[PDB]
Amino acid sequence: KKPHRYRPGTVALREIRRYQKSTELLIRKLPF
DNA sequence: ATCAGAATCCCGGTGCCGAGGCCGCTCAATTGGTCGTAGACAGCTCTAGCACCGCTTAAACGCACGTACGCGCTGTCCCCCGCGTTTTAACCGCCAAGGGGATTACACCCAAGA
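In this text, residue positions in the first sequence follow PDB author numbering: the first is 36, and each later residue adds one.
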């Protein structure tokens, strides 16, 4: 059985929704 | 149409540092009184805004015809989409460099200061 693999476009929108719902700082603290 | 699959939301559960309630003053807010000038009100004016006519004309709309920018569809191969391996951004215990107590056996005698 071939392992699960999302088509190009699903995880992108998932990350869009996740980062639009949360307001945490996306840039790291020490490098900035 | 239909199922297997990893990804996502809500519920026991918990406790802790952030959110919330209380006390003493004391320095800012309040009261009362004396100056007082910038603000409210009346008056003159003429310039500036407003409405309308005479004569003029380049600007704006409808007509004629096609075309080239506008847009759907096709062939390609590409470089991101996504998973697996450590690693590089720091985080975390024993070497071989010196600073020091210790010694010069055991028992006895002589001399000379506080």
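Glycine included, C-beta positions come from ideal geometry on N, C-alpha and C.
Comparing alpha-carbon positions, which option in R40, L48 and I62 lies nearest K56?
Selected option, being the one with the closest Cα: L48.
What is the DSSP secondary structure of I51, reduced to helix, strand or coil?
Helix at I51.
Here's a check: name, in chain order, each residue in its chain whose Cβ is nearer than 8 Å to the Cβ of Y54, leaving out the five neighbours to either side.
Closer than 8 Å at the Cβ level, and outside the excluded window around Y54, lie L61.
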